$ cat my_file.tsv   # TSV, N, CA and C atoms
chain	number	residue	atom	x	y	z
P	1	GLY	N	0.54	-1.38	0.00
P	1	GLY	CA	0.00	0.00	0.00
P	1	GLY	C	0.55	1.42	0.00
P	2	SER	N	1.83	1.57	-0.23
P	2	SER	CA	2.43	2.93	-0.24
P	2	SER	C	3.95	2.82	-0.17
P	3	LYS	N	4.46	1.90	0.60
P	3	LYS	CA	5.93	1.74	0.71
P	3	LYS	C	6.43	0.81	-0.40
P	4	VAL	N	7.65	0.99	-0.84
P	4	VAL	CA	8.20	0.13	-1.92
P	4	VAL	C	7.81	-1.33	-1.66
P	5	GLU	N	6.83	-1.83	-2.37
P	5	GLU	CA	6.41	-3.24	-2.16
P	5	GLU	C	7.64	-4.15	-2.21
P	6	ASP	N	8.01	-4.73	-1.10
P	6	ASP	CA	9.20	-5.62	-1.09
P	6	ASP	C	8.99	-6.76	-2.10
P	7	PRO	N	9.98	-7.00	-2.92
P	7	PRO	CA	9.93	-8.06	-3.94
P	7	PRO	C	10.20	-9.43	-3.30
P	8	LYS	N	9.29	-10.35	-3.46
P	8	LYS	CA	9.49	-11.70	-2.86
P	8	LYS	C	10.30	-12.56	-3.83
P	9	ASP	N	10.50	-12.10	-5.03
P	9	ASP	CA	11.28	-12.90	-6.01
P	9	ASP	C	11.73	-11.99	-7.16
P	10	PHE	N	12.23	-12.57	-8.22
P	10	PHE	CA	12.68	-11.75	-9.38
P	10	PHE	C	11.46	-11.21	-10.13
P	11	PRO	N	11.69	-10.20	-10.93
P	11	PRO	CA	10.63	-9.56	-11.72
P	11	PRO	C	10.31	-10.41	-12.96
P	12	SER	N	9.06	-10.45	-13.36
P	12	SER	CA	8.69	-11.26	-14.56
P	12	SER	C	9.62	-10.90	-15.72
P	13	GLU	N	10.16	-9.71	-15.72
P	13	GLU	CA	11.07	-9.31	-16.82
P	13	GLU	C	12.29	-10.23	-16.85
P	14	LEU	N	12.87	-10.49	-15.71
P	14	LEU	CA	14.06	-11.39	-15.66
P	14	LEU	C	13.62	-12.83	-15.43
P	15	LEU	N	12.34	-13.06	-15.32
P	15	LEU	CA	11.85	-14.45	-15.10
P	15	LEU	C	11.76	-15.18	-16.44
P	16	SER	N	12.26	-14.58	-17.49
P	16	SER	CA	12.20	-15.24	-18.82
P	16	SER	C	13.34	-16.26	-18.94
P	17	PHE	N	14.31	-16.19	-18.06
P	17	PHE	CA	15.43	-17.17	-18.13
P	17	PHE	C	16.05	-17.33	-16.74
P	18	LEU	N	15.43	-18.10	-15.89
P	18	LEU	CA	15.98	-18.31	-14.52
P	18	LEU	C	15.84	-19.78	-14.13
P	19	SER	N	16.23	-20.13	-12.93
P	19	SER	CA	16.12	-21.55	-12.49
P	19	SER	C	14.79	-21.76	-11.76
P	20	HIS	N	14.47	-20.90	-10.83
P	20	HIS	CA	13.19	-21.06	-10.08
P	20	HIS	C	13.27	-22.30	-9.19
P	21	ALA	N	14.39	-22.52	-8.56
P	21	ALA	CA	14.52	-23.71	-7.67
P	21	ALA	C	15.69	-23.50	-6.71
P	22	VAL	N	15.61	-24.06	-5.53
P	22	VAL	CA	16.72	-23.88	-4.55
P	22	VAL	C	17.34	-25.25	-4.25
P	23	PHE	N	16.55	-26.28	-4.25
P	23	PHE	CA	17.10	-27.64	-3.96
P	23	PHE	C	17.07	-28.48	-5.24
P	24	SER	N	17.65	-27.98	-6.30
P	24	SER	CA	17.66	-28.76	-7.57
P	24	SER	C	18.69	-29.88	-7.48
P	25	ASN	N	18.66	-30.81	-8.40
P	25	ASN	CA	19.64	-31.93	-8.36
P	25	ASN	C	20.76	-31.66	-9.37
P	26	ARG	N	20.93	-30.43	-9.77
P	26	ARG	CA	22.00	-30.11	-10.76
P	26	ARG	C	23.00	-29.14	-10.13
P	27	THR	N	24.24	-29.21	-10.53
P	27	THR	CA	25.26	-28.29	-9.95
P	27	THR	C	25.42	-27.07	-10.86
P	28	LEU	N	25.12	-25.90	-10.37
P	28	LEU	CA	25.26	-24.68	-11.21
P	28	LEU	C	26.52	-23.92	-10.80
P	29	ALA	N	27.10	-23.19	-11.72
P	29	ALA	CA	28.33	-22.42	-11.39
P	29	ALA	C	28.07	-20.93	-11.62
P	30	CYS	N	26.82	-20.56	-11.73
P	30	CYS	CA	26.48	-19.12	-11.95
P	30	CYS	C	25.23	-18.79	-11.13
P	31	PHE	N	25.25	-17.71	-10.40
P	31	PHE	CA	24.05	-17.37	-9.58
P	31	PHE	C	23.80	-15.86	-9.61
P	32	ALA	N	22.55	-15.47	-9.52
P	32	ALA	CA	22.21	-14.03	-9.53
P	32	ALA	C	21.50	-13.68	-8.23
P	33	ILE	N	22.13	-12.93	-7.37
P	33	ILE	CA	21.49	-12.56	-6.08
P	33	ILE	C	20.59	-11.34	-6.30
P	34	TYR	N	19.43	-11.34	-5.70
P	34	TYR	CA	18.51	-10.18	-5.86
P	34	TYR	C	18.09	-9.69	-4.48
P	35	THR	N	18.61	-8.57	-4.06
P	35	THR	CA	18.25	-8.05	-2.70
P	35	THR	C	18.58	-6.56	-2.61
P	36	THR	N	18.27	-5.95	-1.50
P	36	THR	CA	18.56	-4.50	-1.34
P	36	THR	C	19.97	-4.21	-1.86
P	37	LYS	N	20.23	-2.99	-2.25
P	37	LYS	CA	21.57	-2.63	-2.77
P	37	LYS	C	22.62	-2.83	-1.68
P	38	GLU	N	22.35	-2.36	-0.49
P	38	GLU	CA	23.34	-2.51	0.62
P	38	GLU	C	23.73	-3.98	0.76
P	39	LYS	N	22.80	-4.87	0.60
P	39	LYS	CA	23.11	-6.32	0.72
P	39	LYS	C	24.09	-6.73	-0.38
P	40	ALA	N	23.73	-6.50	-1.61
P	40	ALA	CA	24.62	-6.89	-2.74
P	40	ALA	C	25.99	-6.22	-2.57
P	41	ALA	N	26.05	-5.11	-1.88
P	41	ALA	CA	27.36	-4.42	-1.70
P	41	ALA	C	28.26	-5.26	-0.79
P	42	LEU	N	27.69	-5.93	0.17
P	42	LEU	CA	28.52	-6.77	1.08
P	42	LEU	C	28.83	-8.11	0.41
P	43	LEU	N	27.89	-8.64	-0.33
P	43	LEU	CA	28.12	-9.94	-1.00
P	43	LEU	C	28.99	-9.73	-2.24
P	44	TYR	N	29.09	-8.52	-2.71
P	44	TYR	CA	29.92	-8.26	-3.92
P	44	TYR	C	31.39	-8.49	-3.56
P	45	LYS	N	31.91	-7.75	-2.62
P	45	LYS	CA	33.33	-7.92	-2.23
P	45	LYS	C	33.52	-9.26	-1.52
P	46	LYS	N	32.50	-9.75	-0.86
P	46	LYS	CA	32.64	-11.05	-0.15
P	46	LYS	C	32.81	-12.18	-1.17
P	47	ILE	N	31.80	-12.46	-1.94
P	47	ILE	CA	31.92	-13.56	-2.95
P	47	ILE	C	33.14	-13.30	-3.84
P	48	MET	N	33.53	-12.06	-3.99
P	48	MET	CA	34.70	-11.74	-4.86
P	48	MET	C	35.84	-12.74	-4.61
P	49	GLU	N	35.99	-13.21	-3.40
P	49	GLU	CA	37.09	-14.17	-3.12
P	49	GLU	C	36.53	-15.46	-2.51
P	50	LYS	N	35.23	-15.53	-2.34
P	50	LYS	CA	34.64	-16.76	-1.74
P	50	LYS	C	34.29	-17.76	-2.85
P	51	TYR	N	34.09	-17.29	-4.05
P	51	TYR	CA	33.75	-18.22	-5.17
P	51	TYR	C	34.49	-17.80	-6.44
P	52	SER	N	35.52	-17.01	-6.31
P	52	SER	CA	36.26	-16.57	-7.53
P	52	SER	C	35.24	-16.15	-8.59
P	53	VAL	N	34.31	-15.31	-8.21
P	53	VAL	CA	33.26	-14.86	-9.16
P	53	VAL	C	33.83	-14.65	-10.56
P	54	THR	N	33.33	-15.37	-11.52
P	54	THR	CA	33.82	-15.20	-12.92
P	54	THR	C	33.38	-13.82	-13.42
P	55	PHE	N	32.53	-13.17	-12.67
P	55	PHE	CA	32.04	-11.83	-13.06
P	55	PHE	C	31.02	-11.39	-12.02
P	56	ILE	N	31.33	-10.36	-11.28
P	56	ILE	CA	30.39	-9.91	-10.22
P	56	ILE	C	29.98	-8.46	-10.50
P	57	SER	N	28.75	-8.25	-10.91
P	57	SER	CA	28.30	-6.86	-11.23
P	57	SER	C	27.05	-6.48	-10.44
P	58	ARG	N	27.06	-5.34	-9.80
P	58	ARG	CA	25.86	-4.90	-9.05
P	58	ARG	C	24.99	-4.04	-9.97
P	59	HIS	N	23.81	-4.50	-10.29
P	59	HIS	CA	22.93	-3.71	-11.21
P	59	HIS	C	21.71	-3.20	-10.44
P	60	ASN	N	20.94	-2.34	-11.05
P	60	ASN	CA	19.73	-1.81	-10.37
P	60	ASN	C	18.47	-2.29	-11.11
P	61	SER	N	17.44	-2.63	-10.38
P	61	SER	CA	16.20	-3.11	-11.04
P	61	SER	C	15.08	-2.09	-10.83
P	62	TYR	N	14.32	-2.23	-9.78
P	62	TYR	CA	13.21	-1.27	-9.53
P	62	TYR	C	13.28	-0.76	-8.09
P	63	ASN	N	13.46	-1.65	-7.15
P	63	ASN	CA	13.52	-1.22	-5.72
P	63	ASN	C	14.82	-1.73	-5.08
P	64	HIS	N	15.54	-2.58	-5.75
P	64	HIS	CA	16.80	-3.10	-5.17
P	64	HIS	C	17.84	-3.32	-6.28
P	65	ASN	N	18.81	-4.15	-6.05
P	65	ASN	CA	19.85	-4.38	-7.09
P	65	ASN	C	20.09	-5.88	-7.29
P	66	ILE	N	20.60	-6.26	-8.43
P	66	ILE	CA	20.87	-7.70	-8.70
P	66	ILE	C	22.38	-7.94	-8.65
P	67	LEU	N	22.86	-8.53	-7.59
P	67	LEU	CA	24.33	-8.80	-7.51
P	67	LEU	C	24.65	-10.04	-8.33
P	68	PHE	N	25.10	-9.85	-9.53
P	68	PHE	CA	25.45	-11.00	-10.39
P	68	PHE	C	26.80	-11.55	-9.95
P	69	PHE	N	26.99	-12.83	-10.01
P	69	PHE	CA	28.31	-13.38	-9.60
P	69	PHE	C	28.43	-14.83	-10.07
P	70	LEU	N	29.27	-15.06	-11.05
P	70	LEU	CA	29.46	-16.44	-11.58
P	70	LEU	C	30.40	-17.19	-10.64
P	71	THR	N	30.82	-18.37	-11.03
P	71	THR	CA	31.75	-19.15	-10.16
P	71	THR	C	32.47	-20.20	-11.00
P	72	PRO	N	33.70	-20.48	-10.63
P	72	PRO	CA	34.53	-21.48	-11.33
P	72	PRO	C	34.11	-22.90	-10.93
P	73	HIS	N	34.56	-23.37	-9.80
P	73	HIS	CA	34.18	-24.75	-9.38
P	73	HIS	C	32.66	-24.91	-9.53
P	74	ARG	N	32.15	-26.09	-9.32
P	74	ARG	CA	30.68	-26.29	-9.46
P	74	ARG	C	30.04	-26.38	-8.07
P	75	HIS	N	28.83	-25.90	-7.94
P	75	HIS	CA	28.15	-25.95	-6.61
P	75	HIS	C	26.64	-26.04	-6.82
P	76	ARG	N	25.94	-26.61	-5.88
P	76	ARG	CA	24.46	-26.72	-6.02
P	76	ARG	C	23.83	-25.43	-5.50
P	77	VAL	N	22.77	-24.98	-6.11
P	77	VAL	CA	22.12	-23.73	-5.64
P	77	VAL	C	21.76	-23.87	-4.16
P	78	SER	N	21.72	-25.08	-3.66
P	78	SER	CA	21.38	-25.28	-2.23
P	78	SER	C	22.56	-24.80	-1.37
P	79	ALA	N	23.76	-25.09	-1.79
P	79	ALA	CA	24.95	-24.65	-1.00
P	79	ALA	C	25.10	-23.13	-1.13
P	80	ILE	N	25.12	-22.62	-2.33
P	80	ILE	CA	25.25	-21.15	-2.51
P	80	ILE	C	24.05	-20.47	-1.84
P	81	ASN	N	22.94	-21.15	-1.77
P	81	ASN	CA	21.74	-20.55	-1.13
P	81	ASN	C	21.98	-20.46	0.38
P	82	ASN	N	22.77	-21.34	0.92
P	82	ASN	CA	23.05	-21.29	2.38
P	82	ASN	C	23.90	-20.06	2.68
P	83	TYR	N	24.70	-19.64	1.74
P	83	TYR	CA	25.55	-18.43	1.97
P	83	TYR	C	24.70	-17.17	1.80
P	84	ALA	N	24.28	-16.89	0.60
P	84	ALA	CA	23.44	-15.67	0.37
P	84	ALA	C	22.28	-15.65	1.37
P	85	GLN	N	21.76	-16.79	1.71
P	85	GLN	CA	20.62	-16.84	2.68
P	85	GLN	C	21.12	-16.43	4.07
P	86	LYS	N	22.31	-16.83	4.42
P	86	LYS	CA	22.84	-16.46	5.76
P	86	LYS	C	22.90	-14.93	5.87
P	87	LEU	N	22.80	-14.25	4.76
P	87	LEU	CA	22.85	-12.77	4.78
P	87	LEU	C	21.43	-12.20	4.69
P	88	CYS	N	20.57	-12.58	5.59
P	88	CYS	CA	19.17	-12.07	5.55
P	88	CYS	C	18.76	-11.60	6.95
P	89	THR	N	19.66	-11.00	7.68
P	89	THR	CA	19.33	-10.52	9.05
P	89	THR	C	19.32	-8.99	9.07
P	90	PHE	N	19.31	-8.37	7.92
P	90	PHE	CA	19.31	-6.88	7.87
P	90	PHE	C	18.36	-6.41	6.76
P	91	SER	N	17.57	-7.30	6.23
P	91	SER	CA	16.62	-6.91	5.15
P	91	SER	C	16.15	-8.17	4.42
P	92	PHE	N	15.35	-8.02	3.40
P	92	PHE	CA	14.85	-9.22	2.66
P	92	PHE	C	16.00	-9.82	1.85
P	93	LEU	N	15.76	-10.92	1.19
P	93	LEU	CA	16.83	-11.56	0.37
P	93	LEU	C	16.21	-12.49	-0.66
P	94	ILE	N	16.68	-12.43	-1.88
P	94	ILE	CA	16.13	-13.32	-2.94
P	94	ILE	C	17.27	-13.81	-3.83
P	95	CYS	N	18.17	-14.58	-3.28
P	95	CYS	CA	19.31	-15.09	-4.09
P	95	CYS	C	18.88	-16.37	-4.81
P	96	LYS	N	19.16	-16.48	-6.08
P	96	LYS	CA	18.76	-17.70	-6.83
P	96	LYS	C	19.85	-18.05	-7.85
P	97	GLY	N	19.73	-19.18	-8.49
P	97	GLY	CA	20.76	-19.58	-9.50
P	97	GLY	C	20.32	-19.09	-10.88
P	98	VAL	N	21.16	-19.25	-11.87
P	98	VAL	CA	20.79	-18.79	-13.24
P	98	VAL	C	21.18	-19.85	-14.27
P	99	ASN	N	20.32	-20.13	-15.20
P	99	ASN	CA	20.64	-21.15	-16.24
P	99	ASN	C	21.29	-20.46	-17.44
P	100	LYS	N	20.75	-19.34	-17.85
P	100	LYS	CA	21.33	-18.62	-19.01
P	100	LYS	C	22.00	-17.33	-18.52
P	101	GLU	N	23.28	-17.38	-18.27
P	101	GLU	CA	24.00	-16.17	-17.78
P	101	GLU	C	23.92	-15.07	-18.84
P	102	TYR	N	24.68	-15.21	-19.90
P	102	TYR	CA	24.68	-14.18	-20.99
P	102	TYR	C	23.31	-13.52	-21.12
P	103	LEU	N	22.28	-14.29	-21.35
P	103	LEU	CA	20.92	-13.72	-21.50
P	103	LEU	C	20.58	-12.80	-20.33
P	104	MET	N	20.45	-13.35	-19.15
P	104	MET	CA	20.10	-12.51	-17.97
P	104	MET	C	20.88	-11.20	-17.99
P	105	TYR	N	22.18	-11.26	-17.88
P	105	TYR	CA	22.99	-10.00	-17.89
P	105	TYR	C	22.53	-9.09	-19.02
P	106	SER	N	22.20	-9.64	-20.15
P	106	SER	CA	21.74	-8.80	-21.30
P	106	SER	C	20.46	-8.05	-20.91
P	107	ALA	N	19.41	-8.77	-20.61
P	107	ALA	CA	18.14	-8.10	-20.22
P	107	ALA	C	18.37	-7.24	-18.98
P	108	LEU	N	19.48	-7.43	-18.31
P	108	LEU	CA	19.77	-6.62	-17.09
P	108	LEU	C	20.42	-5.30	-17.50
P	109	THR	N	21.19	-5.31	-18.55
P	109	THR	CA	21.86	-4.05	-19.00
P	109	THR	C	20.86	-3.19	-19.77
P	110	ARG	N	19.82	-3.78	-20.29
P	110	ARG	CA	18.81	-3.00	-21.05
P	110	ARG	C	17.73	-2.49	-20.09
P	111	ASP	N	17.38	-1.24	-20.18
P	111	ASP	CA	16.33	-0.69	-19.27
P	111	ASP	C	15.18	-1.69	-19.15
P	112	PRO	N	14.45	-1.59	-18.07
P	112	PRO	CA	14.70	-0.60	-17.01
P	112	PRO	C	15.84	-1.06	-16.10
P	113	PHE	N	16.50	-2.13	-16.44
P	113	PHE	CA	17.62	-2.62	-15.59
P	113	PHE	C	18.88	-1.81	-15.88
P	114	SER	N	19.30	-1.00	-14.95
P	114	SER	CA	20.53	-0.18	-15.17
P	114	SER	C	21.75	-0.95	-14.68
P	115	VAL	N	22.92	-0.37	-14.79
P	115	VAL	CA	24.15	-1.07	-14.33
P	115	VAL	C	24.89	-0.19	-13.32
P	116	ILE	N	25.58	-0.78	-12.39
P	116	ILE	CA	26.32	0.03	-11.38
P	116	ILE	C	27.81	-0.28	-11.46
P	117	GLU	N	28.21	-1.46	-11.05
P	117	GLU	CA	29.66	-1.81	-11.11
P	117	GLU	C	29.82	-3.26	-11.56
P	118	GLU	N	31.00	-3.63	-11.98
P	118	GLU	CA	31.22	-5.04	-12.44
P	118	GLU	C	32.71	-5.36	-12.42
P	119	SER	N	33.05	-6.60	-12.21
P	119	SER	CA	34.49	-6.99	-12.19
P	119	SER	C	34.97	-7.20	-13.62
P	120	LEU	N	34.07	-7.46	-14.53
P	120	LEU	CA	34.47	-7.66	-15.95
P	120	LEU	C	34.70	-6.29	-16.60
P	121	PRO	N	35.49	-6.27	-17.64
P	121	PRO	CA	35.82	-5.03	-18.36
P	121	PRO	C	34.65	-4.61	-19.25
P	122	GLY	N	33.80	-5.53	-19.60
P	122	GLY	CA	32.63	-5.19	-20.46
P	122	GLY	C	31.53	-6.22	-20.21
P	123	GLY	N	31.14	-6.40	-18.98
P	123	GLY	CA	30.08	-7.39	-18.66
P	123	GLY	C	30.56	-8.78	-19.12
P	124	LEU	N	29.70	-9.75	-19.08
P	124	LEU	CA	30.11	-11.13	-19.50
P	124	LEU	C	30.24	-11.22	-21.02
P	125	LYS	N	30.56	-12.38	-21.51
P	125	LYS	CA	30.72	-12.57	-22.98
P	125	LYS	C	31.19	-14.00	-23.24
P	126	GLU	N	31.84	-14.24	-24.35
P	126	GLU	CA	32.32	-15.62	-24.64
P	126	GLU	C	33.57	-15.92	-23.80
P	127	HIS	N	34.14	-14.92	-23.19
P	127	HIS	CA	35.35	-15.15	-22.36
P	127	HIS	C	34.95	-15.46	-20.92
P	128	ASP	N	33.67	-15.48	-20.64
P	128	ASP	CA	33.22	-15.77	-19.25
P	128	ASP	C	32.31	-17.00	-19.26
P	129	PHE	N	31.41	-17.07	-20.20
P	129	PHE	CA	30.49	-18.24	-20.26
P	129	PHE	C	31.22	-19.42	-20.90
P	130	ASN	N	30.49	-20.35	-21.46
P	130	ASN	CA	31.16	-21.52	-22.10
P	130	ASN	C	30.54	-21.80	-23.48
P	131	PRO	N	30.61	-20.81	-24.34
P	131	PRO	CA	30.08	-20.93	-25.71
P	131	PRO	C	31.08	-21.65	-26.61
P	132	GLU	N	31.44	-22.86	-26.28
P	132	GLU	CA	32.42	-23.61	-27.12
P	132	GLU	C	31.76	-23.97	-28.45
P	133	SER	N	31.80	-23.08	-29.41
P	133	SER	CA	31.17	-23.38	-30.73
P	133	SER	C	29.78	-23.98	-30.51
P	134	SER	N	29.69	-25.29	-30.47
P	134	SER	CA	28.37	-25.93	-30.27
P	134	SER	C	28.03	-25.93	-28.77

$ encode --input "my_file.tsv" --output "structure tokens"
Amino acid sequence: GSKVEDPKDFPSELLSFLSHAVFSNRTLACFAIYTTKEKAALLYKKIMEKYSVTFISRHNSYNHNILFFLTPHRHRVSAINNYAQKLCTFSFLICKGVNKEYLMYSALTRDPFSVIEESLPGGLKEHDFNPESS
């Protein structure tokens, strides 16, 4: 009714390519955290060395920011969920995994999704994902 309606999940705009699961039976190496900007600010420098983020960029959506952060080794969204989830004692939290990295980041750089900071020199690309020809 009047205050920024807290988002319980990602926006239908970015829901065109996501996982939508926390206890899946597959190991993902890319995850997109969605929570207040202050939250992504602490998980940005934190994951920076906790998962060797293949690319960590803090973007803006509508009421919060999407802390993007890939990963080298493989991990289940359940394990990464235990970390980002452990960071929910100062505000809401909606960390989830991502199936199509390149895509998400793309729809994230195009309005209304703005960009703030990133560890990559030009967002993700073929040097971050795994577009091995086929």

$ closest_residue --input "my_file.tsv" --among "P:92, P:65, P:86, P:77" --to "residue P:6" --atoms "all atoms listed in the file"
P:92

$ atom_distance --input "my_file.tsv" --atom1 "atom CA of residue P:112" --atom2 "atom CA of residue P:51"
28.5 Å

$ closest_residue --input "my_file.tsv" --among "P:70, P:101, P:40, P:8" --to "residue P:53" --atoms "all atoms listed in the file"
P:70

$ atom_distance --input "my_file.tsv" --atom1 "atom CA of residue P:13" --atom2 "atom CA of residue P:107"
7.9 Å

$ closest_residue --input "my_file.tsv" --among "P:2, P:12, P:99, P:52" --to "residue P:30" --atoms "only N, CA and C atoms"
P:99

$ residues_around --input "my_file.tsv" --residues "residue P:76" --least-positions-apart "4" --cutoff "6 Å" --atoms "only N, CA and C atoms" --output "ChimeraX atom specification"
/P:26-28,80-81

$ closest_residue --input "my_file.tsv" --among "P:67, P:98, P:87, P:41" --to "residue P:19" --atoms "only C-alpha atoms"
P:98

$ atom_distance --input "my_file.tsv" --atom1 "atom CA of residue P:79" --atom2 "atom C of residue P:36"
21.1 Å

$ closest_residue --input "my_file.tsv" --among "P:97, P:121, P:131, P:1" --to "residue P:21" --atoms "only C-alpha atoms"
P:97

$ closest_residue --input "my_file.tsv" --among "P:115, P:29, P:108, P:103" --to "residue P:73" --atoms "only C-alpha atoms"
P:29

$ residues_around --input "my_file.tsv" --residues "residue P:105" --least-positions-apart "2" --cutoff "10 Å" --atoms "only C-alpha atoms" --output "ChimeraX atom specification"
/P:14,32,57,59,66,68,100-103,107-110,113,115,123-125

$ write_last_selection --input "my_file.tsv" --atoms "N, CA and C atoms" --output "short mmCIF file (atom, residue, chain, number, x, y, z; two decimals), in the coordinates of the input"
data_model
loop_
_atom_site.label_atom_id
_atom_site.label_comp_id
_atom_site.auth_asym_id
_atom_site.auth_seq_id
_atom_site.Cartn_x
_atom_site.Cartn_y
_atom_site.Cartn_z
N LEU P 14 12.87 -10.49 -15.71
CA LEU P 14 14.06 -11.39 -15.66
C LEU P 14 13.62 -12.83 -15.43
N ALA P 32 22.55 -15.47 -9.52
CA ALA P 32 22.21 -14.03 -9.53
C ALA P 32 21.50 -13.68 -8.23
N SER P 57 28.75 -8.25 -10.91
CA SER P 57 28.30 -6.86 -11.23
C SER P 57 27.05 -6.48 -10.44
N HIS P 59 23.81 -4.50 -10.29
CA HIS P 59 22.93 -3.71 -11.21
C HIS P 59 21.71 -3.20 -10.44
N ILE P 66 20.60 -6.26 -8.43
CA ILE P 66 20.87 -7.70 -8.70
C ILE P 66 22.38 -7.94 -8.65
N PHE P 68 25.10 -9.85 -9.53
CA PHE P 68 25.45 -11.00 -10.39
C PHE P 68 26.80 -11.55 -9.95
N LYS P 100 20.75 -19.34 -17.85
CA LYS P 100 21.33 -18.62 -19.01
C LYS P 100 22.00 -17.33 -18.52
N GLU P 101 23.28 -17.38 -18.27
CA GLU P 101 24.00 -16.17 -17.78
C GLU P 101 23.92 -15.07 -18.84
N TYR P 102 24.68 -15.21 -19.90
CA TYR P 102 24.68 -14.18 -20.99
C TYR P 102 23.31 -13.52 -21.12
N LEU P 103 22.28 -14.29 -21.35
CA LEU P 103 20.92 -13.72 -21.50
C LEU P 103 20.58 -12.80 -20.33
N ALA P 107 19.41 -8.77 -20.61
CA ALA P 107 18.14 -8.10 -20.22
C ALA P 107 18.37 -7.24 -18.98
N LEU P 108 19.48 -7.43 -18.31
CA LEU P 108 19.77 -6.62 -17.09
C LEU P 108 20.42 -5.30 -17.50
N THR P 109 21.19 -5.31 -18.55
CA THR P 109 21.86 -4.05 -19.00
C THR P 109 20.86 -3.19 -19.77
N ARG P 110 19.82 -3.78 -20.29
CA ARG P 110 18.81 -3.00 -21.05
C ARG P 110 17.73 -2.49 -20.09
N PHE P 113 16.50 -2.13 -16.44
CA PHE P 113 17.62 -2.62 -15.59
C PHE P 113 18.88 -1.81 -15.88
N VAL P 115 22.92 -0.37 -14.79
CA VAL P 115 24.15 -1.07 -14.33
C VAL P 115 24.89 -0.19 -13.32
N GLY P 123 31.14 -6.40 -18.98
CA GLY P 123 30.08 -7.39 -18.66
C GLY P 123 30.56 -8.78 -19.12
N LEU P 124 29.70 -9.75 -19.08
CA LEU P 124 30.11 -11.13 -19.50
C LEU P 124 30.24 -11.22 -21.02
N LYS P 125 30.56 -12.38 -21.51
CA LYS P 125 30.72 -12.57 -22.98
C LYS P 125 31.19 -14.00 -23.24
#
